[PDB]
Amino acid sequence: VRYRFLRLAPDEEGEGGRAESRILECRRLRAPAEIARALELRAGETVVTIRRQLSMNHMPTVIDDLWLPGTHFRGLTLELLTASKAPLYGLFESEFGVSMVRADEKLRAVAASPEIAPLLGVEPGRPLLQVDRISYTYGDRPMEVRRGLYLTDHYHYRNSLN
């Protein structure tokens, strides 16, 4: 299936035109300390980071920043990402054998930063939905940190609660 965790849904009637992904950045770096703690890494551990844009109905809707433990994702390259017709979580499953069983999220409303605003086609200060996620594999092992910034003007985040 198309999505693992994405809760974007259109405001208007119909099936959510499916998200198109475009990789913006891809680098390896030393984990910032907050990242290393979220991923239960040793200080100084290398992480792969990706920035991507999701677009829906030909309009940018999400800017995602992801951080992955360098250890498990050594094979991850820009060439792989950009050639890949897969959604990221599907890629992590098929190429890297990493399947997420749970995600813990923290949602807030924030102002569009000077850096983010033009990537979403908006003015700085525009309210955006920030979704900070840590995703877990089996045994409560953290394997991804993702911070999403969502422009919720034509789309909402759908949540059912028990």
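So that there is no doubt, residue numbering starts at 1 and follows the sequence shown.
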If you average the Cα B factors in the entry, which is higher, 127-135 or 51-59? 51-59
Quick one: say whether 101-109 or 66-74 has the higher mean Cα B-factor in the deposited entry. 66-74
Relative C-alpha B-factor of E25, binned into the chain's lowest, middle or highest third: middle
Ranking the modelled residues of this chain by C-alpha B-factor as given in the entry, is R147 in the lowest, middle or highest third? lowest
